[PDB]
Amino acid sequence: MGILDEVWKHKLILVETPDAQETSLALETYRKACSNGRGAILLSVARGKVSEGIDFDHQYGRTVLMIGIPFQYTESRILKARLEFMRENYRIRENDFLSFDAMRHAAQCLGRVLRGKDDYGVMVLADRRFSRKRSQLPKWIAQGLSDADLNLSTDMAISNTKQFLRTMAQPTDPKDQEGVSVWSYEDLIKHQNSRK
Amino acid sequence: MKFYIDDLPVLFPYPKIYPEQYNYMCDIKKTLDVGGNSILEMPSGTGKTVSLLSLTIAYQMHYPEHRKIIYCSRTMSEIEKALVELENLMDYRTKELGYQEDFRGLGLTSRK
Amino acid sequence: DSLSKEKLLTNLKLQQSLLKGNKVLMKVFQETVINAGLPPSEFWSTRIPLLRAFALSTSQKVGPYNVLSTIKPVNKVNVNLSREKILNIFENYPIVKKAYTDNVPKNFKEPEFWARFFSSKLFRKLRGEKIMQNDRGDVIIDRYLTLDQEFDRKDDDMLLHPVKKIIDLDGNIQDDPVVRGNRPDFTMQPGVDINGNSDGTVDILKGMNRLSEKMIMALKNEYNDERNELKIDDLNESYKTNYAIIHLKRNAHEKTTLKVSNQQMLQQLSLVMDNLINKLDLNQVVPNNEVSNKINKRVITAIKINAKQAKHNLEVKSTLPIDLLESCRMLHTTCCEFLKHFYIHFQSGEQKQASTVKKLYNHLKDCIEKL
Amino acid sequence: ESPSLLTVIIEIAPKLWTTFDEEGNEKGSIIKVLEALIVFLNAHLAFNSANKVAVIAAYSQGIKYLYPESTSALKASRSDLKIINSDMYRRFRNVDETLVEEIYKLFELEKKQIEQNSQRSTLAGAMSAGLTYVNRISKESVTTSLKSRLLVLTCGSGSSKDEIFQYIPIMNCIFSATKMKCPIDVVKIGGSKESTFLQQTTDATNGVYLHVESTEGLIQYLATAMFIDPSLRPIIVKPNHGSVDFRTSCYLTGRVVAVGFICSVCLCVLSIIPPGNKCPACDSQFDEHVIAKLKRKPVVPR
Amino acid sequence: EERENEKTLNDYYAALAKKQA
Amino acid sequence: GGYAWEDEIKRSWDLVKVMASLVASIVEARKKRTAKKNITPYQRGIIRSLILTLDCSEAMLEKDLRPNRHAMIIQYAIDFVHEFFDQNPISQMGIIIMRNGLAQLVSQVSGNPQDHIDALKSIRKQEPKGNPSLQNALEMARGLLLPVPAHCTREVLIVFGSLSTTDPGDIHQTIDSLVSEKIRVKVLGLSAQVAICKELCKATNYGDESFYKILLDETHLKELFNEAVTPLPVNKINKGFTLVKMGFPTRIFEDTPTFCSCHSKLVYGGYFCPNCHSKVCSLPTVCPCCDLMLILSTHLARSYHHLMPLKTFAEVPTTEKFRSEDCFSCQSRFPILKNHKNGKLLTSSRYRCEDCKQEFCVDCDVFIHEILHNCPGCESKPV
Ligand SMILES: [Zn+2]
Ligand SMILES: [Zn+2]
Ligand SMILES: [Zn+2]
Ligand SMILES: [Zn+2]
Ligand SMILES: [Zn+2]
């Protein structure tokens, strides 16, 4: 349908191949293209090789476009047997366990975008079924997720992303973060004395 | 920096520290003094690996038991990242203490 | 490299092309280099930035990009093929240039070649489209399909190289070599046909990854790091400015090419006191009709001087005809160019080029004689 | 057409005026220049109903506004002294009475502490204060489209030479006046024919420079040359003779600079290479190679 | 005329080529 | 299972629910004054060679800035050229635009702002399009800044609007070449923080990350454009302190038109060169006949206020006994300024100077520091 042709005008497209060597070459190509400002997009499996271990700090992140909830193939016999075992032995519901596993894979996908509090990047989740799963997110992502963003469409999500990227492209105030977001040794000593 | 938690001196290899990191060291030291299992979730982005390595190396050196540290990760790449952070931590510890103490740290992977 | 001063001075063809392109500089050039005998190296010595600008106007090229993705039709459909589009097709896809070299001067003309190529399966493969056997392709172009796959295989040879262990995804699956867990299902695996063979949708993924790698490695030409990568720069100390500070001494020397006592100070001050108390007659300001004559004469003479200067202050009109005015203008231009070269060689301060200074002095004497 | 603000900067230095009185045959020329200024201000207020007048006196120990009075002085006050006759125009009478009362107060202050002698002339500070007052009245905009004009009445008297410490403040005043389109007119009453800084002030800010030697007949000069209203500036030519070269003085020798060398850091002007290869005002060690290139003699065959 | 100017530059280039020759 | 219409009415008028406002304004005013406390006489390179790189690609077609990006960037660049040549007269400037993957040079590096104004007016009519190339623009800036003398600081200003760029070759080699040539690049981004621009600004400014500026709105764009007319503070490691040989021409006066030596046209006025006696049209320019910098004293005079700045005026304490009831250089009476009923003389509008201890109003505080650059109280002090 020619979507990728429009994508090629801005960012290079790199896809996680099943071959691990070609995936590593694609990943280092993605990092090289993000470094020199050519701009690149990486398409990866949320349960694949790239989703585990590989981090996307600073320029290598800036957006985690999550296409849908990473649920497993539900009618696979191994997963159904494991779900029945979990229900019978630990009283864990099958839908609850499936939602937990998919949400933890989504969470580990979202956790790769940040390294350091100077880093920034948006986490967009493109499915209708994330909206009920706000509580199943990790606590810090839940704090970062405002209630007005739980049912966004595409257009105001794009506008909010543009406003966000304009907002933290500005230099932060050192006085706004001197002893509240990052501590010096003196701030640590002050907090130690305040605890006791 | 260098600071103290209870009676345990900690050599953090950065001049600045996140508050979540200090709470993380407090919780790990409480767990290791009690001696049980624990599940701790720092937010990503903050220096979880450097905090873990700093407190565990400080606990191993200062406390006389010199308990071994088994850092089980999920992938070889994360093993290498933990090794890099550990190398930076021990370089900082050598710089601060003025000497390289008797210390061995290695990563284990396959023959390939 | 090629942008150095001597390279631009020795570049005869680029100078000739700049001379052909420009028009106003030819009046200087044909009257100074040819008609006055100035060496062209001296002429282009003072115009080195102009030569560098003309070199960089044409030497630069656009960045590589997915030119075949931009090429789309618009029954009759038409596509516009720019020359730089053809060049980028050749650069990004050497298979198209290889098929161009052995066919266009040999068998059929270039528009027929591109008409055959856009109807071929090779174009669909290079565009990332899924190839289907129902399409006709082009029988001339499709002979290169196996050789295009050979080029794709050769492209993996110099692209494959060992990577750092931070992003070594190959070694992550080789960390446990004897793992024999449950086989991943068909969702975790590439698609297959009814016969179990590959459906070719992974081929377009490998093709676009190869295209991205080729674009990136095209930048890699002549045109301990893990510790730095893994360091948290926010937790480190903030950057401290090392800007130089200056302290200025204001005790300058005074400009070079009857002090009153306090008693007469107080006497004059008290005189002004009593003269302000007794009467400030403002009618005394009127001149005595004789000093006013001199004041008006001085002011009107100053006004006459300023107004004669500022009566007359795109160039202005000239009483000369255009022939004599242009002759005076080009003589002034070649005199100014000779003067500039003479002053450059005079203030250069090198004894090795004093003969050039003597020749330029003789040229200046000839300019005086011509004036 | 449009009203304008006439900010008069008169430099009543008792030493300068005493030297001017001793050089001339007459005495008490401060009275003559003050009454000529008062008549000129009356003429300016007669030019338009809405124009205003500012007067700042640059005395020995600072500056002091003469018209209008200080707001604290207005609130504290009114002993109406009879220096000016009360039968004149009240609009002129208020200005004249305020001016002469503040002249008497400032001269009583000068007599009070005449034992203290200061070598720091405050003409440039008074010019800066006048520019700030012009900015205040223009930005206040109680009268819309109010023009402005600075008149500087100074005396040289052949005693005070050119002062190098005033150069940067005068240039800053020049750029502030050029930014605000406020002409600066300078009248010099002294034996020294040329005042280079004030000539540059008049030339750069589209002002009029006028050097005179006799305080008598000064109102003719003021009403003829200095009465160029800002509305009629482009249609009236200026009698400012003696065009200035816009040069400057060398830092360590003091002479007016020819082709010269300036420091790349502090922009101090040097007519020669400084000794020790170090900048005098800036203390920056110059490279010996580049100054050897500057010291290189030109070439000629034998 | 531009054409005779180009002829003069071509003749100058030919003279230069003879100079290297 | 319901619908939107069956829900209760919005009642937007009910949602609107309704003195210490001066204190709330003055805390922000003091925070603004807090950021201006770090005033130091940093050495700044007065002689500059600023290459203005303007984006003219498809990202300028976005109308997120009124009316489109390209038109107001051209207008702000015109205003920036005027302000830059007003405050840095000696400095030269060249203009480069990026269009269709090719950097385009539109005006040579010259000290005449009128040529750059005409070039910008010529570029204003054409429609921007294409895909920008940071490497081509930086290479052409490197070529243009190559004949710049060592005393003159080499700077590149990039008004970059796109978020991605396409380069013919490696851009890190170009960054290393720019660092080796002592070229400082300041990039004014439009959309977001591009990593390559941040890295380029960090490397070319000796580890300074504050040279990558991103606007927020119209006023922030104007402030960022007005921030670039000030000369950049040079590094301590720079040892290019060289004497600059230059002349001060005398303004020649003649009613007869004569040929100028710079453009070979009939000019009434001019300035005869003090070294080689060749007249020039405008100043400051290098001499076309003897290659000497020809400036006036006023051209030097514009730049001492960067060399020594005025220390910022200190807000007076409320409880402190005020010296005067009116302003010093302004004589505007300071009002009571009762912010609340018991505020009394809270945040008194006097601004004491650190040297003369003279009080000034808000208009004098924002005038003596901006248009003037000298304290009238400090000059009225009889030292
Ligand atoms: Zn200096
Ligand atoms: Zn000219
Ligand atoms: Zn000259
Ligand atoms: Zn004021
Ligand atoms: Zn002061």
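The numbers here are math on the coordinates, done by the rules we state, and not lab data. Virtual Cβ from ideal backbone geometry, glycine too; neighbours counted across all protein chains shown.
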With a 10 Å Cβ neighbour count serving as the proxy for reagent exposure, in which order, fewest first, do A:183, C:114 appear? C:114, A:183
Amide H neighbours of residue D:211 under 5 Å, at least 5 residues apart or on other chains, H built in the peptide plane: list them. D:188
What does the structure give for F:143-155 when I average, per residue, the other chain Cβ atoms found within 10 Å of the residue Cβ? 3
May I ask you to evaluate 6.51 cos²θ - 1.76 cosθ + 1.60, the Karplus curve with θ = phi - 60°, for each residue of the range C:330-342 and list the ³J(HN,Hα) values in order in whole Hz, giving x for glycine and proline? 6, 5, 5, 5, 6, 5, 5, 5, 4, 5, 5, 5, 5
Scan the range C:1-43 for trypsin sites (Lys or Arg not before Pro) in coil per DSSP, keeping those whose Cβ has at most 16 other Cβ atoms within 10 Å, and list them by number. C:23
Simple spin-label estimate for residue C:314/residue A:85, 7 Å along Cα→Cβ, in nm, reads 9.4 nm
With n ≥ 4 as the cut-off for DSSP H runs, can you work out [θ] at 222 nm for chain F, using -39500 (n - 2.57) per run divided by the number of residues, rounded to the nearest 500? -8000 deg cm²/dmol
Limiting things to C-alpha atoms, what are the Rg and the maximum Cα-Cα separation (Dmax) for the protein assembly as shown, in angstroms? 39.7, 127
Only loop residues by DSSP count here, and only those with at most 15 other Cβ atoms within 10 Å; note down the trypsin sites (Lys or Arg not before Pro) in the range F:62-121 that meet that. F:63
If you take each beta carbon of peptide A:32-44 and count the beta carbons of other chains within 10 angstrom, what is the mean? 6
For the range D:146-244, whose charge dipole is built from +1 on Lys and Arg Cβ atoms and -1 on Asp and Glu Cβ atoms, the candidate among D:164, D:224, D:237 with its Cα farthest towards the positive end is D:237
Cα shape, chain A, gyration tensor, a/c 1.5 rule: oblate
Given charges of +1 on the Cβ of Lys and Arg and -1 on the Cβ of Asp and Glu, with all other atoms neutral, how large is the dipole of the range D:4-226 about its Cα centre, in debye to the nearest 20? 860 debye
Taking only DSSP H segments of four or more residues, each worth -39500 (n - 2.57), what value at 222 nm results for chain B once the sum is divided by all its residues, to the nearest 500 deg cm²/dmol? -16000 deg cm²/dmol
Rounded if a/c is under 1.5, else prolate if a/b beats b/c, else oblate: with a ≥ b ≥ c from the C-alpha gyration tensor eigenvalues square-rooted, which is chain B? rounded
Fewest-first ranking of F:33, C:227, F:184, using other Cβ atoms within 10 Å as the exposure measure: C:227, F:33, F:184
Hey, could you pull the Cα Rg and Dmax for the range C:49-137, both in Å? 16.1, 59
For the range C:76-125, compute the orientation-averaged projected area of the C-alpha convex hull (one quarter of its surface), in nm². 3.7 nm²
In the protein assembly as shown, with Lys and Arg counted as +1 and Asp and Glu as -1 at Cβ, which of these residues, C:87, D:251, F:241, has the Cα nearest the positive end of the dipole, that is, farthest along it? D:251
Chain C: D in µm²/s via Stokes-Einstein (Kirkwood Rh, Cα pairs, 4 °C, 1.567 mPa s)? 40 µm²/s
Could you state the per residue volume, in Å³, of the convex hull enclosing the Cα atoms of the range D:175-302? 183 Å³
What is the magnitude of the charge dipole of the range A:60-196 about its Cα centre, with +1 placed on the Cβ of each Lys and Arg, -1 on the Cβ of each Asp and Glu, and no other charges, expressed in debye to the nearest 20? 380 debye
Rounded, prolate or oblate: which fits the range F:237-335 when a ≥ b ≥ c are the square roots of the eigenvalues of the alpha-carbon gyration tensor, with rounded for a/c under 1.5 and prolate only if a/b beats b/c? oblate
For the protein assembly as shown, what is the charge dipole size about the Cα centre, in debye to the nearest 20, if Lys and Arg each add +1 at the Cβ and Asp and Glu each add -1 at the Cβ? 1580 debye
Sort C:44, F:13, A:140 so the one with the fewest other Cβ atoms within 10 Å of its own Cβ comes first. F:13, A:140, C:44
Given the candidates B:31, B:109, B:60, the one whose Cα lies deepest towards the positive end of the charge dipole of chain B, counting +1 at each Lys or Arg C-beta and -1 at each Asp or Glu C-beta, is B:109
Sticking with the crude label model, points 7 Å out along Cα→Cβ, report the distance from residue A:74 to residue B:109 in nm, one decimal please. 3.9 nm
Compactness ratio of the range F:269-320: Cα Rg over 2.2 N^0.38 Å, N = residue count? 2.04
Residue-by-residue Karplus 3J(HN,Hα) for the range C:80-85, coefficients 6.51, -1.76, 1.60, Hz, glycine and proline x: 8, 10, 6, 5, 5, 5
For the range F:203-217, what does the Karplus curve 6.51 cos²θ - 1.76 cosθ + 1.60, with θ = phi - 60°, yield as ³J(HN,Hα) per residue in whole Hz, taken in order and with x for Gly and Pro? 6, 6, 10, 6, x, 8, 8, 8, 9, 9, 10, 10, 6, 10, 8
Assuming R0 = 51 Å, can you tell me the calculated FRET efficiency for the pair residue F:63 and residue F:265, based on Cβ-Cβ distance, to the nearest 0.05? 0.75
Residue-normalised 222 nm signal for chain D, counting each DSSP H run of n ≥ 4 as -39,500 (n - 2.57), nearest 500 deg cm²/dmol, is -11500 deg cm²/dmol
How many partner chain Cβ atoms sit within 10 Å of a residue's Cβ in peptide D:276-283, on average, as a whole number? 4
Listed residues A:75, A:186, A:28, most fluctuating in chain A (Gaussian network, C-alpha, under 10 Å): A:186
Viscosity 1.567 mPa s, temperature 4 °C, Stokes-Einstein D of the range D:1-73 from Kirkwood C-alpha radius, µm²/s: 93 µm²/s
Hey, which of these cross-link pairs are over 25 Å Cα-Cα: A:139/C:164; A:32/B:16; D:179/F:125; C:98/C:164; C:85/C:220? A:139/C:164; A:32/B:16; D:179/F:125; C:98/C:164
Report the percentage of all Cα-Cα pairs in the range D:4-226 whose separation exceeds 31 Å, rounded to a whole percent. 16 percent
